6 protein chains.
Amino acid sequence: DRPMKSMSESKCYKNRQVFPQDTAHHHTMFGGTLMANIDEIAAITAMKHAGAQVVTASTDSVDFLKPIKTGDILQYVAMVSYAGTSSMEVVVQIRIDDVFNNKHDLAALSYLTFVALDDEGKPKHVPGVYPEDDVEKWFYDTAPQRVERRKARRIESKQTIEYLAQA
Amino acid sequence: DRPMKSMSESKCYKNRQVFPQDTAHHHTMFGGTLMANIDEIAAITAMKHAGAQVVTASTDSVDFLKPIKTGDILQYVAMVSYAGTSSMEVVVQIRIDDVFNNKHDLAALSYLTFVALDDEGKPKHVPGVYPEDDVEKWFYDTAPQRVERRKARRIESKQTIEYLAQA
Amino acid sequence: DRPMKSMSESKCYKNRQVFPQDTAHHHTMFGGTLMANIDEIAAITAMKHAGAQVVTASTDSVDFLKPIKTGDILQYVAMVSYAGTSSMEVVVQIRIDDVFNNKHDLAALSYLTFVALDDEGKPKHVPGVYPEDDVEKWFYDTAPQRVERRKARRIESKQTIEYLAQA
Amino acid sequence: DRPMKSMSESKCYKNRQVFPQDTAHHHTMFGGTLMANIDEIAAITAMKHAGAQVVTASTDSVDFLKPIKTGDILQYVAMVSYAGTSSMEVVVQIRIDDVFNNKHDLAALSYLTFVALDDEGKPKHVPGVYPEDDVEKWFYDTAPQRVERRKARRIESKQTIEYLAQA
Amino acid sequence: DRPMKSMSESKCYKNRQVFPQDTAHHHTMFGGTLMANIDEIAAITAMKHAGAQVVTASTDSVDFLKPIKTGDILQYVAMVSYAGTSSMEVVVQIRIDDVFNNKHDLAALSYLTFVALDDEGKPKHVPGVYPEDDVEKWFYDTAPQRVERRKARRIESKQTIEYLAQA
Amino acid sequence: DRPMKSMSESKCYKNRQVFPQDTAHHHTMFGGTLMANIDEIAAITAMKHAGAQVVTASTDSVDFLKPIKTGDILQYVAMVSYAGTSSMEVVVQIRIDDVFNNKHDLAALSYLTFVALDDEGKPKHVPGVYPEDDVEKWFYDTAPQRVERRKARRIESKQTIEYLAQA
Ligand SMILES: CC(C)(COP(=O)(O)OP(=O)(O)OC[C@H]1O[C@@H](n2cnc3c(N)ncnc32)[C@H](O)[C@@H]1OP(=O)(O)O)[C@@H](O)C(=O)NCCC(=O)NCCS
Ligand SMILES: CC(C)(COP(=O)(O)OP(=O)(O)OC[C@H]1O[C@@H](n2cnc3c(N)ncnc32)[C@H](O)[C@@H]1OP(=O)(O)O)[C@@H](O)C(=O)NCCC(=O)NCCS
Ligand SMILES: CC(C)(COP(=O)(O)OP(=O)(O)OC[C@H]1O[C@@H](n2cnc3c(N)ncnc32)[C@H](O)[C@@H]1OP(=O)(O)O)[C@@H](O)C(=O)NCCC(=O)NCCS
Ligand SMILES: CC(C)(COP(=O)(O)OP(=O)(O)OC[C@H]1O[C@@H](n2cnc3c(N)ncnc32)[C@H](O)[C@@H]1OP(=O)(O)O)[C@@H](O)C(=O)NCCC(=O)NCCS
Ligand SMILES: CC(C)(COP(=O)(O)OP(=O)(O)OC[C@H]1O[C@@H](n2cnc3c(N)ncnc32)[C@H](O)[C@@H]1OP(=O)(O)O)[C@@H](O)C(=O)NCCC(=O)NCCS
Ligand SMILES: CC(C)(COP(=O)(O)OP(=O)(O)OC[C@H]1O[C@@H](n2cnc3c(N)ncnc32)[C@H](O)[C@@H]1OP(=O)(O)O)[C@@H](O)C(=O)NCCC(=O)NCCS
């Protein structure tokens, strides 16, 4: 069918320290700030893959696994793990890069769905995607099921939207 | 069993305009900024309900329904729609308050899970919750199923975490 | 004479925690940041009442009653307490919402004057205003005198402006 | 009686451009941001005069005279125009510095009251103050009356505070 | 030859405290934030001298001499120390203003090069410059040599740019 | 002599879009903001190489080659190109990643000098460094000379510091 890109072509890195202005509780990163950064680097990966402007259609999930403290170096790695017609699933891995002991613990994991757009603001078709290394293979292989679950959630979500519209 | 609070006791409002610094694309609110604000007001609702410090354990979903433009007044309403043992599901409704025509369209909808903590940082039990009005009843009545789906997602999520730990 | 709105129609809430980036002295909210937020929520209330774009014409006063510490949940309540021809007096109450003991102490109190504007930037007439509950009645009943004092201050202010223009 | 400082000893300048993040309406500075900066430079002047840490006790007034547009260079000049026992009246002049035609129009004028504090956080006595040039003389000569009016406002303010405490 | 301005005509002051959001390490100002502020006040001085919009062409150096701690009052003084055809060397002095002991230690020193631009974005000629006081004389007298060294650095820099373009 | 690290071990990437809050002139990135980000990613590279906390000792140069517009994706690549005893030269390349035509033009180039520190804040020895690929070889091979020129600049800089101390 369509043109294809490697998951490695859109793979994007971001390294960023945690500063006091990123925190809420004493020396601890606030979840909202983390979500902002996740969305930033995911948006960049989706832009590279689509070769276009994108918007966040939904945050499918953010799993906050570890507390993140002031001073911590965060490594964000985003990649496109699934391509629908005009939509992309972007998976973001966030690791704490401890330079004192070379550990790189997974601190958070997130899935977002982006939609590519043309210059007049309507959905635009995106290249397909294929893995190369084993990790890419893992996200690529587990994507279909996540996509279907997102489908069901969108059904229930639409019920809720319709209910709130009558009040 | 336990002490109970009304969903109305923890119900929190936030009104905030969209300023240029909130935008990415021309005059359009960036998704990350919206997620930061969602997490802020949800955290406040969870604090009121728990009577304690909280952290975001996970973002279960953010559904971005409408574009939000510079100048728009956003109304955030957070409430606790489900109480586990020490965890809370907070549902946030975000509406655009058009003061020129009194429309209040739902622009986004989000579910987050917070965990209450005591002063030494371990999970703390939270009061139960009950609805009063019809909307509260809706979120209260649809919560159990969302909770179970979150359970399954956490299973798959744990598989992914274990896979990434061997690479 | 003119169309009238209830003070409850424009009444606006804002809930927001104090984060480290809001502070100057150790764990203490900086006055400038508080004034920014006061102006934000007051602007929103004036927009709802006027059904129009507004600008801050003057800050009539900010009374800082209590120190506000990092972590504190602030509740801002703005309402229109007086309607001139095209101007509005907005009164903002700022309370600390202590979720550990359900106290809600008044931390600051502020009066601002907004002017409503049409799309080409000139002053626009605003609906009149009436109270319902007792608090609204209090601000409504004490407004005329504040308005007159603001009149005198504007006279002296004009003397100062004219003096500075010759130097 | 006490030690005295010249108004010129505490006189402080601040020059700062208006950037998009300072604006609300299209290319127009938001009042809250201006108030933050006013409070910043006023705090610095009060610190120099008192030789101590200070807090903002009240904003006595902000008069917004001109619209301020993106790109504008603002010149803030703060000085101490009155010294009570442990309190200071700081007057801030804000001018637009047009480098294209060397005009320096007064865009805003503000009076704030600061209280000096020692290291354990209680009010601390401040040096007295005297003018030299004509402008300083003007603010010094018009201060007593402003002080008395602030006294009356504080009386009414206390009535309002006591009324709100019973609701 | 051309019209001339005094170094005192473009001389600009900025006073600004260090707030927690300015820090990276515990209570210590982050270098990037300092560089942002340096560039801000230098840009303003270059605008006054050129009577035009400017852009930063290069940072010739920032020398960080002292640690700067939270709470510190920084005094920035920028001036034009050299005028090329359409370019300006701006020298910025940053001092810590200790109000407790009236010391004013030099905390940093920086040289930047700005280019003046007309309304369609091309380089525009700038007035020449002359000193009056001794400090101005010092920077004016040491400028030619810095200019020549910048010339050599720009040669090597161009070699590096050309090398990177082939990879 | 000492332990050695590859330039590739400390090599760090950062991808970040330009948002309106990053701009000064209409849709154009402000130099100060760019310098903040440069310092951020350079600090991270120096931390990885040193295995320690670092501070910016000096910005040796920032060369601004292209205008950077709102929406642009910036790719920052930092690496250690020279190791003194306890100091590091970090070179940062900033490229615009045009996803519409796959160009990656060098928009800026910068050299900074960091000093590694132990937990009580004094300079700490750093591993040596060696290149692998051709680009790394280029910066490694051109470093000694830059180091010597920095030595001379530090001599003149010290003259200026001593002169300013007598005024
Ligand atoms: C995202 C948006 C353009 C979707 O367009 P639409 O009008 O609904 O029309 P479509 O359904 O054809 O969109 C095309 C794709 O978006 C997907 N999509 C739309 N909403 C989605 C959601 N909530 N979750 C997952 N996918 C979604 C669709 O499934 C479709 O995918 P496909 O190409 O594989 O078929 C629209 O909902 C929107 O503008 N949302 C606001 C986005 C935003 O501004 N976010 C930041 C706000 S702060
Ligand atoms: C949230 C956290 C304290 C959970 O504690 P824990 O060590 O896993 O132990 P527990 O499982 O007993 O936590 C208690 C509750 O948290 C829930 N929980 C933990 N992780 C969860 C997740 N990813 N999604 C939903 N619920 C979760 C548990 O289900 C449990 O709920 P219950 O009271 O109904 O039984 C821990 O995972 C953590 O600290 N996460 C980081 C939180 C954070 O800092 N977020 C912002 C980072 S930027
Ligand atoms: C506010 C502004 C539009 C007033 O308009 P104007 O040219 O002075 O003409 P008017 O006097 O007829 O304004 C109409 C109303 O504004 C009121 N007004 C103007 N300045 C005022 C002041 N300093 N304090 C209180 N009210 C004021 C007038 O009293 C009048 O009220 P009314 O409808 O009850 O009669 C004008 O002064 C302005 O633009 N100020 C700058 C506002 C701003 O940009 N603030 C943020 C800057 S960072
Ligand atoms: C400012 C504060 C220390 C006043 O102290 P206090 O407990 O009221 O005791 P005092 O009245 O003796 O204060 C001493 C001086 O402050 C003045 N003061 C207090 N409140 C004032 C007000 N609202 N307006 C003007 N002056 C005020 C007093 O008049 C007095 O002046 P004087 O030396 O000339 O006699 C106290 O009200 C406070 O902490 N306010 C909060 C300040 C703050 O944190 N602002 C930023 C919050 S975001
Ligand atoms: C600054 C800029 C306009 C220079 O223009 P140009 O196309 O190179 O043409 P010119 O060489 O004639 O520029 C005129 C002057 O700029 C000087 N200049 C250009 N680059 C310079 C550099 N890297 N260092 C020092 N001076 C420089 C030139 O020496 C010249 O000085 P002169 O008037 O004394 O002869 C161009 O390089 C540019 O746009 N840079 C990006 C600026 C920017 O946006 N900075 C913030 C980015 S975040
Ligand atoms: C950086 C600092 C620790 C240097 O320490 P010091 O007291 O001068 O003692 P040293 O000279 O032995 O420092 C050790 C190394 O730093 C280098 N150094 C110090 N100042 C330097 C400068 N201005 N430029 C380049 N290198 C410098 C020294 O050359 C030395 O390098 P080496 O290991 O190859 O011999 C000290 O100057 C400082 O604290 N500066 C402020 C740093 C800062 O806070 N920046 C952000 C402020 S907003």
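Residues numbered from 1 in each chain as written, not as in the entry; some residues may be left out. Chains lettered and ligands numbered in written order. Heavy atoms only, no water.

Per the PDB record, this model was obtained through X-ray crystallography at a reported resolution of 2.400 Å.

**Observations concerning the sheet that holds strand β6 (residues 103-117) of chain C**
Backbone-to-backbone hydrogen bonds join strands into a sheet, with any given pair of strands oriented parallel or antiparallel. Reading across the sheet, the 10 strands line up as β2(C)-β4(C)-β5(C)-β6(C)-β3(C)-β3(D)-β6(D)-β5(D)-β4(D)-β2(D) and stay open at both edges, with antiparallel pairing between neighbours. The outermost strands of the open sheet, each flanked by one partner alone, are β2 (12-17) of chain C together with β2 (12-17) of chain D. The sheet shows a mean angle of 25° between the axes of neighbouring strands, taken without regard to direction. With 10 bridges connecting them, strand β3 (residues 53-64) of chain C and β6 of chain C associate as antiparallel partners. (Pairing = 2+ DSSP bridges. Helix = DSSP H or I, 4+ residues; strand = E, 2+ residues; numbered from the N terminus. Axes fitted to C-alpha atoms, helices over the stretch in contact; angles between N-to-C directions.)

**Some words on the site of ligand 5**
Contacts to ligand 5 come from 22 residues, most closely from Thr56, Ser86, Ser87 and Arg154 of chain E together with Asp63 of chain F. Lying at an intersection of chains, ligand 5 is approached by residues of chains E and F. For ligand 5, an oxygen atom lies 2.7 Å from a polar atom in the side chain of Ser87 of chain E. Contact distances for ligand 5 include 2.5 Å between a nitrogen atom and a side-chain N or O atom of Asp63 of chain F. Here ligand 5 loses 73% of its free accessible area of 930 Å² to cover by the protein chains. Looking at the shell around ligand 5, the elements with two or more residues in it are β3 (53-64), β6 (103-117) and α3 (134-164) of chain E together with α2 (31-50) and β3 (53-64) of chain F. Top contributing element to the shell around ligand 5 by residue count: β3 of chain E, with 3 residues. Each residue belonging to the shell around ligand 5 can be placed in one class, and the counts come to 10 nonpolar, 8 polar and 4 charged. (Near = heavy atom within 4 Å. Polar contact = N/O pair within 3.5 Å; in protein donor to acceptor, adjacent residues only side chain to side chain. Areas by Shrake-Rupley, 256 points an atom, 1.4 Å probe, with all protein chains shown as cover. Nonpolar A, V, L, I, M, F, W, Y, C, P; charged D, E, K, R; others polar.)

**Let's talk about helix α2 (residues 31-50) of chain D**
Residue and element names in this part refer to chain D. With 20 residues, α2 should reach 28 Å at 1.5 Å per residue; the first-to-last C-alpha distance of 28 Å fits that figure. Extensive coverage of α2 is indicated by the burial of 20 of its 20 residues. Downstream of α2 by one or two residues, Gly51 has phi in the positive range, about 60°. (Expected span 1.5 Å × (residues − 1). Buried < 20%, exposed > 50% of the residue type's maximum accessible area, 1.4 Å probe, protein only.)

**Concerning the site of ligand 4**
Residues in contact with ligand 4 amount to 22 residues; listed here are only the nearest, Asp63 of chain C together with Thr56, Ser86, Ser87 and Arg154 of chain D. Site remark: ligand 4 is flanked by residues from chains C and D. At 3.4 Å from a nitrogen atom of ligand 4 is found a side-chain nitrogen or oxygen belonging to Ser58 of chain D. With respect to ligand 4, the backbone of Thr85 of chain D contributes an N or O atom lying 3.2 Å from an oxygen atom. Protein burial of ligand 4: of its 940 Å² of free accessible surface, 73% is covered by the chains. Where the shell around ligand 4 is concerned, the elements lending two or more residues are α2 (31-50) and β3 of chain C together with β3 (53-64), β6 (103-117) and α3 (134-164) of chain D. Each residue belonging to the shell around ligand 4 can be placed in one class, and the counts come to 10 nonpolar, 8 polar and 4 charged.

**Some points on the interface of chain A and chain B**
The interface of chain A with chain B comprises 40 residues on the first partner and 40 residues on the second. Each partner contributes to the roughly 3400 Å² buried at the junction of chain A and chain B, and carbon and sulfur atoms together form 64% of this total. Considering only the surface of chain A that becomes buried against chain B, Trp138, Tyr163 and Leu164 of chain A emerge as the three largest contributors, covering 18% of it. On inspection of chain A and its partner chain B, the count reaches 0 salt bridges. The interface formed by chain A and chain B contains 14 residue pairs in polar contact. Of all the secondary structure elements, the ones that give two or more residues to the side of chain A that touches chain B are α2 (31-50), β3 (53-64), β5 (87-98), β6 (103-117) and α3 (134-164) of chain A. Broken down by element, the side of chain A that touches chain B gets its largest block of residues, 13 residues, from α3 of chain A. Taken together, the residues that form the side of chain A that touches chain B break down as 19 nonpolar, 12 polar and 9 charged. (Contact = heavy atoms within 4.5 Å. Buried area = accessible area lost by both parts, 1.4 Å probe. Salt bridge = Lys/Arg side-chain N within 4 Å of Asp/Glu carboxyl O.)

**Let's talk about the interface of chain B and chain C**
Contacts between the two partners involve 19 residues from chain B, matched on the other side by 19 residues from chain C. A combined buried area of about 1800 Å² lies between chain B and chain C, and 59% of that area is made up of carbon and sulfur atoms. Of all residues in chain B, the largest losses of buried area upon contact with chain C belong to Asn15, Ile44 and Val99 of chain B, amounting jointly to 27% of the total for that side. The salt bridge involving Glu40 of chain B is made with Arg16 of chain C; its shortest N-O contact spans 3.3 Å. Our count for the contact surface shared by chain B and chain C stands at 6 residue pairs in polar contact. If you list the elements that add at least two residues to the side of chain B that touches chain C, you get β2 (12-17) and α2 (31-50) of chain B. Its residues placed into classes, the side of chain B that touches chain C shows 10 nonpolar, 4 polar and 5 charged.

**Description of the side chain of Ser6 of chain B**
Counting through the fold element by element, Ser6 of chain B comes out in strand β1 (residues 4-6). When near neighbours in sequence (up to four residues on either side) are disregarded, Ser6 of chain B contacts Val129, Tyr130 and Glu132 of chain B.

**Points about unusual backbone geometry**
Even without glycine at this site, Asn102 of chain B takes up a positive phi of about 45°. Secondary-structure assignment places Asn102 of chain B in the loop between β5 (87-98) and β6 (103-117).

**Some remarks on the side chain of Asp63 of chain F**
Looking at where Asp63 of chain F falls in the secondary structure, it is placed in strand β3. No salt bridge is formed by the buried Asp63 of chain F; its nearest oppositely charged neighbour, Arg154 of chain E, is found at 5.8 Å. Separated by 2.9 Å, the side chains of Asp63 of chain F and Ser157 of chain E make a polar contact. Apart from residues no more than four positions distant in its own chain, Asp63 of chain F is found in contact with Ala57, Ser58 and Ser157 of chain E together with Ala107, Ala108 and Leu109 of chain F. (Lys, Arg positive; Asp, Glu negative; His and termini not counted.)

**Overview of the relation of the copies chain A and chain B**
To go from the first copy of the chain to the second, apply a rotation about an axis and then a shift along the same axis. Each copy superposes on the other: chain A lies on chain B with an RMSD of 0.0 Å after a rotation of 180° and an axial shift of 0.0 Å. Here the two chains are linked by the operation of a two-fold rotation axis. Ranked by how close their C-alpha atoms come to the rotation axis, the residues of chain A are headed by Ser61 of chain A, at 2.7 Å. A share of 100% of the interface residues of chain A reappears at the interface of chain B, consistent with the copies meeting face to face through the same patch. (Least-squares fit on C-alpha atoms.)

**As for the arrangement of the chains**
Without any contact between them, chain B and chain E keep their closest C-alpha atoms 17 Å apart. One thing to see here is that chain C and chain F don't touch, and their nearest C-alpha atoms sit 17 Å from each other.

**What about the sheet that holds strand β2 (residues 12-17) of chain F?**
Taken together, the 10 strands give an open sheet; going across it, the order is β2(E)-β4(E)-β5(E)-β6(E)-β3(E)-β3(F)-β6(F)-β5(F)-β4(F)-β2(F), and neighbouring strands pair in antiparallel fashion. The strands lining the two open edges of the sheet, one partner per strand, are β2 (12-17) of chain E together with β2 of chain F. Geometrically, the sheet is characterised by an average inter-axis angle of 25° between neighbouring strands, direction not taken into account. In the sheet, strand β4 (residues 73-83) of chain E pairs with strand β5 (residues 87-98) of chain E via 9 bridges, with the strands oriented antiparallel. Following the sheet pairing, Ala83 of chain E is matched in β5 of chain E by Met88 of chain E. Most of the contacts of helix α2 (residues 31-50) of chain E go to β4 of chain E, to which it runs at about 45°, and overall it touches β2, β3, β4, β5 and β6 of chain E together with β3 of chain F. Helix-sheet contacts for α3 of chain E involve β3, β4, β5 and β6 of chain E together with β3, β5 (87-98) and β6 (103-117) of chain F, and the interaxial angle to β4 of chain E is about 80°.

**With respect to the environment of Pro20 of chain B**
Relative to the elements of secondary structure, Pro20 of chain B occurs in the loop between β2 and α2. Assessed through its relative accessible area of 16%, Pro20 of chain B is described here as buried. Taking the C-alpha atoms as reference, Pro20 of chain B lies 9.3 Å from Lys69 of chain B; in sequence the two are 49 residues apart. For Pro20 of chain B, the contacting residues outside a window of four places in its chain are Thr70 of chain B, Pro20, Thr23 and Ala24 of chain D together with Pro20 of chain F.

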